[PDB]
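Enquirer: My questions all concern the structure below.
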Amino acid sequence: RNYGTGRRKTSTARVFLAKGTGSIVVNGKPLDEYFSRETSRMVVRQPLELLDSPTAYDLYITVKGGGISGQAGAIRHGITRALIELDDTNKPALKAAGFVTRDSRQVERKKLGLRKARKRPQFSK
Amino acid sequence: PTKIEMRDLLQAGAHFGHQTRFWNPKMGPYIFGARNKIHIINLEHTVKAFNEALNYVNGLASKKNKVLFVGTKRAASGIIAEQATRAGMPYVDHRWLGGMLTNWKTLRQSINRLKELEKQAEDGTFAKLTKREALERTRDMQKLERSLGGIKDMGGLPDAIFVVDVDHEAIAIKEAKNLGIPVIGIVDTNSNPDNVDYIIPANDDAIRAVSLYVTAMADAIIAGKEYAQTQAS
Amino acid sequence: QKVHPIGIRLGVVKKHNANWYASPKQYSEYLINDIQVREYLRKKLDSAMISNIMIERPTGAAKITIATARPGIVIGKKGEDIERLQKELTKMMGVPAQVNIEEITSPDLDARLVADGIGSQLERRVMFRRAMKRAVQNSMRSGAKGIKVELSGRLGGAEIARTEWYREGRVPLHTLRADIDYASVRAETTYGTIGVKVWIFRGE
RNA sequence: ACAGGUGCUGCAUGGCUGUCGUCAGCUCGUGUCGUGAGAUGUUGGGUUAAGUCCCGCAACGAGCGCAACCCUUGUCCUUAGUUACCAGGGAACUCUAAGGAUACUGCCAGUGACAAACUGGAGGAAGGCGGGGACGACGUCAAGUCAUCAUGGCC
């Protein structure tokens, strides 16, 4: 019953790791149904494949907030968090990948006088 | 100590002088002759002038006057530190600050800052302070100490100034000229002997001779100090 | 071109003059009442030398705190002057209000007091350079770490206005925790209006 | 009496603001030099986002800028657990909001005037300023504002 929290640029997700069949349920629904994007499915399964343990442990996932492609990354980071809490040895190799690094990029402020974070009104002679 | 023996100077090598091309006419009388494109200071003139300077410095030590020591040269500096520590007189060896005596009032604040840093080091102030701030403060301590360390206890203007390598120390000679305070200097052949109360025409490029001269001066000062004590008791 | 020091310093190292809580609708009227009280009190006490005023209004009765260099005259004889000012202040406002006076240990340290003195000097035609120098010197004698004085306008009746500033001491404006004291006053000289700016830095 | 004027004068002004420009610059005391305007410091070898620091040097120090302090996220901890959260009716987790903890070229290896520094490496959520914001120095443009408001003159 290991548990961990992973976030990606908005979202928080909570991951639960225990031995079992290895079926993955996201937000009380199947992962494949929950995610409509192959890329996000791949982000969700990115860490387990790295050390060839896709079905070793049962996964229970609940992820509120943020967006479609940020929730996948948050789930990945939570899976890494639970795996590192489980095992010390994996941490170095998982670090070499860097999946254990929380994303620090978030949507930045719009600076007044600028249309966007950095876009500036063009002037024509 | 008042009289400086002749043979030891010759063994030290004072008589050697700089090359002819850098020869200065004003020195001329002191230089007896030139051999192999090297000038030779005459033994008699230097012995007599050294005797007069020793008498003067012993006279000051009798009255407890404070005589500054200037040791800028890499060779002179270490021996000046050691001899000045024994003599009890202030010295500066690593570097000579521009306008030290003329602008001594400004230097008072730096001297006081060095003293209070030493006090806060003594009283254990480091423990309260952070490690990085303690380290940087200690580094500032060391940087100030190297320059002002010798003169910090002077607490005044020196009545007399003793200098080696007058040519390199010309700036201090100008400061002493402006103040009017007596200056005693060792002048090598190239160095200009002007604007000095007492001239000792000696080679300063030799570690051994520099040690000999500083040792003699310190011995004279010390003997003056015990002679002063005898009067008190 | 320079931000008001007090505004930036409010965040961390300073306490807001006005500290009252009100609901959105209540806020609009509460602020206006406070501003009216401040303006009327300033006009009434202009003759006296007064520092910045700290006003707290709770529901119903309001409470006012005033610090002045001269407490005696503002109190009056046995509180007579303060009682009259209080009755008028009750009339203008609602439920009876209470005002208390706190003595100031040193008038020179407070920025407003020195600027008021300089404004009176300019009104009485004392030379601006003399005014700035004496005002700055008094602070150094008092023990204030830093004082800076800037005068803008037609000093001496000159046709062309010019700005003269004098510093004596460290006055780090950009150090938010420098708790620098700033007040602005205007001197009504006959030839033209003169702007007086005073910066006082007591420390951290 | 006057009040009143969004009537004139921003080239009489106060206050506020743009600008060079968040560019790294602008100076002051004392000391020295020159008859003098003035020079030095503030230059020079290295280094930085920086007049950042370092070593020499007739300069020794200081101010004001730079940097720091402050706000906001990025990991973690304490506090409280409702109108939030339920992992199994509970308080573990998320979140919300008041505090601290961490990061400091700290550590390893190097290049380096035995120096400041820089180059790579470990750990960490974060590595060298971690990202963003606030802060706009002496002054330059008689730069914009008498129509926020204030005031001299004039009508």
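Starting from 1 in every chain, residues are counted up; chains themselves are A, B, ... following the order of the structure tokens, and ligands are numbered from 1 as listed.
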Chain D residues within 10 Å of chain C, counting only C-alpha atoms (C1' of nucleotides): which ones, as a ChimeraX atom specification?
Expert: /D:11-18,62-65,68-71,134-136,142,150-153
Enquirer: Per DSSP on the backbone, what are the strand (DSSP E) residues of chain B, as JSON, numbers by chain?
Expert: {"B": [16, 17, 18, 19, 31, 32, 33, 34, 35, 38, 39, 40, 41, 67, 68, 69, 70, 91, 92, 160, 161, 162, 163, 164, 183, 184, 185, 186, 198, 199, 200]}
Enquirer: Would you give me, as CSV, each residue of chain B having an atom within 10 Å of an atom of chain D, along with its shortest atom pair and that distance in Å to one decimal, using only C-alpha atoms (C1' of nucleotides) and sorting by chain and residue number?
Expert:
```
residue,atom,partner,partner_atom,distance
B:96,CA,D:58,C1',9.8
B:97,CA,D:59,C1',7.3
B:98,CA,D:58,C1',4.5
B:99,CA,D:31,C1',5.8
B:100,CA,D:60,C1',8.0
B:101,CA,D:31,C1',9.3
B:102,CA,D:31,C1',6.4
B:103,CA,D:31,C1',5.0
B:104,CA,D:31,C1',8.8
B:105,CA,D:30,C1',8.2
B:106,CA,D:30,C1',6.6
B:107,CA,D:60,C1',6.8
B:109,CA,D:61,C1',8.8
B:110,CA,D:61,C1',8.5
B:132,CA,D:104,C1',8.4
B:171,CA,D:58,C1',8.0
B:175,CA,D:32,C1',9.4
```
Enquirer: Enumerate, in order of chain and increasing residue number, the residues of chain D with an atom no farther than 12 Å from chain A, each with its shortest atom pair and distance in Å to one decimal, counting only C-alpha atoms (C1' of nucleotides), as JSON lines.
Expert:
```
{"residue": "D:72", "atom": "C1'", "partner": "A:109", "partner_atom": "CA", "distance": 10.0}
{"residue": "D:73", "atom": "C1'", "partner": "A:106", "partner_atom": "CA", "distance": 8.5}
{"residue": "D:74", "atom": "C1'", "partner": "A:104", "partner_atom": "CA", "distance": 4.9}
{"residue": "D:75", "atom": "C1'", "partner": "A:102", "partner_atom": "CA", "distance": 7.9}
{"residue": "D:87", "atom": "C1'", "partner": "A:1", "partner_atom": "CA", "distance": 9.3}
{"residue": "D:88", "atom": "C1'", "partner": "A:1", "partner_atom": "CA", "distance": 11.0}
{"residue": "D:92", "atom": "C1'", "partner": "A:3", "partner_atom": "CA", "distance": 10.4}
{"residue": "D:93", "atom": "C1'", "partner": "A:14", "partner_atom": "CA", "distance": 7.7}
{"residue": "D:94", "atom": "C1'", "partner": "A:12", "partner_atom": "CA", "distance": 7.5}
{"residue": "D:95", "atom": "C1'", "partner": "A:12", "partner_atom": "CA", "distance": 10.0}
{"residue": "D:122", "atom": "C1'", "partner": "A:92", "partner_atom": "CA", "distance": 11.1}
{"residue": "D:123", "atom": "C1'", "partner": "A:92", "partner_atom": "CA", "distance": 10.2}
{"residue": "D:124", "atom": "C1'", "partner": "A:101", "partner_atom": "CA", "distance": 9.8}
{"residue": "D:125", "atom": "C1'", "partner": "A:102", "partner_atom": "CA", "distance": 6.0}
{"residue": "D:126", "atom": "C1'", "partner": "A:104", "partner_atom": "CA", "distance": 8.7}
{"residue": "D:130", "atom": "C1'", "partner": "A:104", "partner_atom": "CA", "distance": 9.0}
{"residue": "D:131", "atom": "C1'", "partner": "A:105", "partner_atom": "CA", "distance": 7.7}
{"residue": "D:132", "atom": "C1'", "partner": "A:108", "partner_atom": "CA", "distance": 6.6}
{"residue": "D:133", "atom": "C1'", "partner": "A:109", "partner_atom": "CA", "distance": 8.1}
```
Enquirer: For residue 115 in chain B, work out the shell of residues within 12 Å, counting only C-alpha atoms (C1' of nucleotides) and skipping chain neighbours fewer than 3 positions away, then give it as a VMD selection string.
Expert: chain B and resid 108 to 112 118 to 122 141 to 142 144 to 145 148 to 153 155
Enquirer: Would you please give, as a ChimeraX atom specification, all residues of range 112-175 of chain C that DSSP assigns to helix (DSSP H, G or I) based on the backbone?
Expert: /C:112-123,128-142,155-157
Enquirer: Let me make sure I understand: among A:120, A:8, A:19, A:29, which one has the smallest atom-to-atom distance to residue 43 in chain A if we use only C-alpha atoms?
Expert: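 Under the stated criterion, the closest residue is A:8.
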Enquirer: Using only C-alpha atoms (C1' of nucleotides), which protein or nucleic acid residues come within 10 Å of residue 85 in chain A? Drop anything in the same chain fewer than 4 positions from it, and give the result as a ChimeraX atom specification.
Expert: /A:2-4,17,79-81,90-91
Enquirer: Based on the selection just made, write N, CA, C and O atoms of those residues as an mmCIF file, in the first residue's frame.
Expert:
```
data_model
loop_
_atom_site.group_PDB
_atom_site.id
_atom_site.type_symbol
_atom_site.label_atom_id
_atom_site.label_comp_id
_atom_site.auth_asym_id
_atom_site.auth_seq_id
_atom_site.Cartn_x
_atom_site.Cartn_y
_atom_site.Cartn_z
ATOM 1 N N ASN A 2 1.908 1.297 -0.811
ATOM 2 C CA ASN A 2 2.693 2.518 -0.924
ATOM 3 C C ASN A 2 1.867 3.581 -1.635
ATOM 4 O O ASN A 2 1.038 3.268 -2.493
ATOM 5 N N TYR A 3 2.086 4.844 -1.275
ATOM 6 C CA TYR A 3 1.335 5.933 -1.877
ATOM 7 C C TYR A 3 2.253 7.121 -2.131
ATOM 8 O O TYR A 3 3.248 7.320 -1.430
ATOM 9 N N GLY A 4 1.909 7.901 -3.155
ATOM 10 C CA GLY A 4 2.716 9.047 -3.535
ATOM 11 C C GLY A 4 1.894 10.082 -4.273
ATOM 12 O O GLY A 4 0.786 9.807 -4.743
ATOM 13 N N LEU A 17 0.604 1.946 -5.010
ATOM 14 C CA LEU A 17 1.368 0.822 -5.526
ATOM 15 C C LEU A 17 1.265 -0.351 -4.563
ATOM 16 O O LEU A 17 1.482 -0.194 -3.353
ATOM 17 N N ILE A 79 3.810 7.624 -10.191
ATOM 18 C CA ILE A 79 4.274 6.241 -10.272
ATOM 19 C C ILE A 79 5.749 6.162 -9.905
ATOM 20 O O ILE A 79 6.170 5.275 -9.151
ATOM 21 N N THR A 80 6.553 7.095 -10.419
ATOM 22 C CA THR A 80 7.965 7.121 -10.043
ATOM 23 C C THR A 80 8.135 7.370 -8.550
ATOM 24 O O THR A 80 9.000 6.764 -7.911
ATOM 25 N N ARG A 81 7.323 8.261 -7.976
ATOM 26 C CA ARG A 81 7.426 8.545 -6.548
ATOM 27 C C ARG A 81 7.164 7.295 -5.718
ATOM 28 O O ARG A 81 7.921 6.978 -4.790
ATOM 29 N N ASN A 90 16.269 1.441 -7.373
ATOM 30 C CA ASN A 90 15.754 1.959 -8.636
ATOM 31 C C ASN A 90 16.051 3.445 -8.785
ATOM 32 O O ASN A 90 16.322 3.919 -9.895
ATOM 33 N N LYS A 91 16.044 4.189 -7.675
ATOM 34 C CA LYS A 91 16.125 5.644 -7.718
ATOM 35 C C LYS A 91 17.261 6.138 -8.606
ATOM 36 O O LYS A 91 17.042 7.056 -9.398
#
```
